[PDB]
RNA sequence: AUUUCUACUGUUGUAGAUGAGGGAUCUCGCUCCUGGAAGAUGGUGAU
RNA sequence: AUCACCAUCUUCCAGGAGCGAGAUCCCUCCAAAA
RNA sequence: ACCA
Ligand SMILES: [Mg+2]
Ligand SMILES: [Mg+2]
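Residue numbers (the numbering used here): 4 to 961.
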């Protein structure tokens with residue numbers, strides 16, 4: 004479909020020849036080397052109008068509710084300060100320069116601080132409830148005496164603990180500390196955090212005010228920082244091409260004036276295996292700065308002339324008429340003065356801009372940029388030394404790994420673009436791929452943690468890196484988002500959604516997000532929907548013509564020895580067994596050997612679904628088992644974090660102890676865990692005798708026990724973290740228990756239990772069972788959270804969570820291209836709209852959920868094709884899910900969202916039936932998922948796609 | 001062994017992904033500095 | 001036997017700054033002729 | 001919707 008301009012930041016390496024922190028920044032265009040700060044006059048005068056507040060309108064900035072007395076008290080407290088003619092602001096901003104101003108955020112902080120100061124003194128000193136009710140602490144007043152006593156019991160207990168600790172000796176001191184920290188201080192803090200209603204409400208109100216202020220604080224901070232970021236340009240840059248390779252020349256502005264003049268006299272003499280390029284261009288965004296930029300001061304010499312062309316002054320004169328603006332700009336280019344100082348190609352502009360007529364301003368911008376962008380070329384004998392002599396030019400070599408290897412046709416995309424920029428054909432499209440006129444250089448020190456311990460390596464020595472920005476699709480409409488109001492982004496999305504047409508779409512992808520399979524994919528086409536069921540079943544059965552072809556590894560332990568005697572395993576890197584050259588080179592085998600190995604090790608089949616947990620693209624084939632290590636790394640990082648966050652990390656020693664286990668031993672531990680898993684309601688109501696049968700139900704094999712209807716009545720309704728915890732489960736679980744007593748006798752105070760790891764089958768192909776030794780070294784009580792630095796422990800889960808998404812986006816894009824080059828039309832990506840309420844629950848249950856990251860990476864992927872609009876504030880548009888509506892659909896470009904109700908069990912053909920088991924509908928229709936889907940778990944994704952398609956077309960009917 | 005990340009890894013390096021810099025608000029874990037309160041212990045003064 | 005004070009010491013609370021993890025968010029990345 |  005029709006695209007729009009897109010930007011990316013690509014970088015290379017530089018090798019110095021003649022001479023992180025910004026060592027240098029440069030601009031190819033010679034006329035942006037003396038920049039001046041942007042004209043933000045409007046926004047500065049507009050944001051002050053949002054800062055100012057009128058006292059009486061404060062309480063309507065929040066959803067919270069305060070009684071009238073508290074409202075009056077707060078207003079009185081603020082008025083106490085607003086005397087002497089001060090004016091109130093939503094916050095303090097030293098950059099705008101306001102004075103005699105009073106910050107509301109500071110006052111809200113102070114009235115909270117003073118009261119939390121007085122309340123502690125009152126509670127500590129030993130006053131009474133009636134004394135409290137007579138104080139001026141209007142926030143803490145009116146608490147139930149029950150809470151007051153609940154708090155003072157802990158206070159006095161703590162008091163006791165204090166003097167106990169002072170006269171301490173020996174290991175006793177360790178058992179005291181924990182009892183002081185773990186149970187008393189934390190419980191007391193939570194009591195006041197989550198039970199004092201007015202306190203909670205005021206905390207929420209202050210939070211909302213603080214966030215609101217922070218927004219328009221960040222905006223203004225960026226506005227100010229732009230004023231100083233734009234003074235660091237000093238160099239004019241050139242690219243000297245030779246023998247098919249580029250150099251990089253930086254020349255200071257002290258000499259650019261003479262250097263360009265000298266270069267202008269060079270003779271263009273074809274190709275001699277050496278060229279000295281230099282860029283020139285003008286843009287619409289710069290003409291407005293030229294004409295209506297800083298006009299109020301009157302020193303804009305471009306407005307000492309040209310005024311006759313004006314209607315009165317200032318860009319606001321045009322009132323917003325596109326065709327008056329177009330004509331004024333054409334006249335500006337038509338003026339005698341403008342052509343005397345500008346450097347545009349007068350002939351082509353005159354024959355193609357001034358004389359023409361444009362339908363809209365977008366085309367005027369496109370034509371101006373298209374015709375004003377030039378890439379010159381000159382050549383002369385040994386043209387390197389004159390620069391070093393006359394102009395003191397610094398010189399680097401631009402390089403990278405892909406720019407030095409023998410074979411080509413297999414090269415990284417970010418190098419593909421740079422290779423494609425210089426092609427001759429690209430000069431005849433008017434530079435569709437554009438290299439923007441500003442670039443930067445950075446210098447990185449070596450890692451001492453690598454030097455000391457140490458075989459080529461990046462980090463073993465310093466590096467010079469070049470960062471450049473490249474704009475693809477330079478001849479399509481532009482789109483920018485700075486300073487748009489929140490209500491304009493939604494309108495932008497709605498307008499951009501109009502491009503799609505009802506009969507344009509031809510298929511859809513449905514994606515399901517579980518927790519045993521982190522995600523699942525399925526494909527739907529309109530051809531599946533025949534009239535009779537007998538036709539639907541047959542249409543589905545033709546898997547050979549619809550589904551896609553996938554390879555499955557047959558033996559994950561297979562290994563082979565290469566010529567060096569080293570051994571290699573298939574699981575770690577299958578790409579050394581699928582590609583031909585790699586196998587024949589490394590293992591020195593013959594053609595027949597390769598054919599036999601390929602025919603014996605890998606199975607292949609065509610299906611309608613998949614399982615994105617481990618699928619990967621290897622040498623053009625989709626391997627369903629090509630990415631086990633990336634899943635193991637995630638299931639290991641989750642456990643390593645969990646077993647480190649349940650310790651304690653105070654400086655002073657403590658006796659908290661924790662251990663790993665395969666099963667729980669003492670009934671205290673089982674009773675603690677069962678409580679950790681169940682809902683507080685329907686559990687505390689559970690009889691103290693049945694709390695043992697519940698443990699037997701959770702932790703035994705369920706085969707030798709005669710559990711009655713109680714299981715459905717009670718056990719299955721109070722469980723909120725589902726799973727299988729038996730000893731013979733498919734993926735046996737591995738536990739961590741925490742206590743203090745030395746030997747864990749049958750009567751000990753265990754005060755935490757959790758389930759850490761899942762022993763997924765086929766993890767043993769990488770690591771033996773004993774490699775829980777790895778899961779432990781990352782837990783240690785003595786460690787202080789402040790001390791722990793990177794490169795000795797790593798708690799990050801972001802990278803290991805982006806790895807799986809990186810492997811899944813490849814599969815999804817490959818399938819999208821495959822089907823689009825067969826059906827002739829674009830398709831929709833459908834996933835259910837959980838919103839924000841359920842995303843947090845999903846994170847809680849596992850903490851490695853991939854939903855939001857996968858969505859945020861699909862948006863990044865599919866923008867390049869021009870299929871979703873630019874995104875500014877994602878939470879603005881949705882902020883929530885789609886519930887209780889089985890027809891609605893939320894659309895961002897080609898990415899849809901729907902309600903997930905009743906999708907995971909309905910039969911694709913019979914609808915009314917339910918298909919939780921046997922892979923055949925109980926209604927006895929012809930449906931049978933044996934030869935279609937990888938398992939019975941894919942039926943959700945299919946449905947997720949199905950409902951995604953039918954609804955979308957339904958939206959276009961009117 | 002990489003502009004950068006992940007799995008490998010040296011007879012041409014291999015398979016997937018890649019928009020980077022600086023900053024704002026909030027939640028959780030910790031440390032140093034200054035101030036307030038409760039209190040343990042040796043000593044000194046006093047009625 | 002009681003009351004005031006000096007000094008070492010324990011805990012909790014408030015404010016300032018810094019480190020580690022997660023969530024939401026923002027701006028910059030093309031201008032000038034004497 | 002997440003799951004012996
Ligand atoms: Mg689902
Ligand atoms: Mg699922």
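Just so it is clear, CB atoms sit at the ideal spot from N, CA and C, and this is done for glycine as well.
Proximity winner among the options, relative to residue i (alpha-carbon distances)
{"i": "residue 932", "options": "910, 690 and 342", "result": "910"}
{"i": "residue 562", "options": "577, 548, 551 and 256", "result": "577"}
{"i": "residue 929", "options": "912, 939 and 921", "result": "912"}
{"i": "residue 106", "options": "61, 804 and 264", "result": "61"}
{"i": "residue 953", "options": "939, 889 and 908", "result": "889"}
{"i": "residue 640", "options": "799, 400 and 764", "result": "799"}
{"i": "residue 960", "options": "81, 504 and 569", "result": "504"}
{"i": "residue 293", "options": "35, 326 and 894", "result": "35"}
{"i": "residue 597", "options": "586, 123 and 606", "result": "586"}
{"i": "residue 49", "options": "698, 884, 121 and 223", "result": "223"}
{"i": "residue 182", "options": "417, 662, 148 and 752", "result": "752"}
{"i": "residue 347", "options": "374, 783 and 53", "result": "374"}
{"i": "residue 573", "options": "155, 560, 583 and 404", "result": "560"}
Assigned secondary structure, residue i (DSSP; H/G/I helix, E/B strand, else coil)
{"i": "residue 862", "result": "helix"}
{"i": "residue 713", "result": "helix"}
{"i": "residue 845", "result": "helix"}
{"i": "residue 590", "result": "coil"}
{"i": "residue 216", "result": "helix"}
{"i": "residue 90", "result": "strand"}
{"i": "residue 104", "result": "strand"}
{"i": "residue 191", "result": "helix"}
{"i": "residue 467", "result": "strand"}
{"i": "residue 440", "result": "strand"}
Contact test: residue i Cβ vs ligand 1 heavy atom, cutoff 7 Å
{"i": "residue 517", "result": "yes"}
{"i": "residue 907", "result": "yes"}
{"i": "residue 911", "result": "no"}
{"i": "residue 606", "result": "no"}
{"i": "residue 835", "result": "yes"}
Buried/exposed call for residue i, threshold 16 Cβ in 10 Å
{"i": "residue 437", "result": "buried"}
{"i": "residue 955", "result": "buried"}
{"i": "residue 903", "result": "buried"}
Cα-Cα separation between residue i and residue j, rounded to whole angstroms
{"i": "residue 445", "j": "residue 464", "result": "14 Å"}
{"i": "residue 218", "j": "residue 93", "result": "11 Å"}
{"i": "residue 897", "j": "residue 829", "result": "9 Å"}
{"i": "residue 691", "j": "residue 675", "result": "13 Å"}
{"i": "residue 487", "j": "residue 493", "result": "10 Å"}
{"i": "residue 395", "j": "residue 26", "result": "17 Å"}
{"i": "residue 629", "j": "residue 617", "result": "6 Å"}
{"i": "residue 657", "j": "residue 172", "result": "13 Å"}
{"i": "residue 833", "j": "residue 620", "result": "22 Å"}
{"i": "residue 372", "j": "residue 355", "result": "12 Å"}
{"i": "residue 443", "j": "residue 393", "result": "24 Å"}
{"i": "residue 506", "j": "residue 549", "result": "20 Å"}
{"i": "residue 114", "j": "residue 647", "result": "38 Å"}
{"i": "residue 176", "j": "residue 192", "result": "23 Å"}
{"i": "residue 453", "j": "residue 459", "result": "12 Å"}
Residue i: CB within 7 Å of a non-hydrogen atom of ligand 2
{"i": "residue 441", "result": "no"}
{"i": "residue 968", "result": "Residue 968 lies beyond the stretch modelled for the chain, which goes from 4 to 961, so this question has no answer here."}
{"i": "residue 943", "result": "yes"}
{"i": "residue 520", "result": "yes"}
{"i": "residue 616", "result": "no"}
{"i": "residue 612", "result": "no"}
{"i": "residue 523", "result": "yes"}
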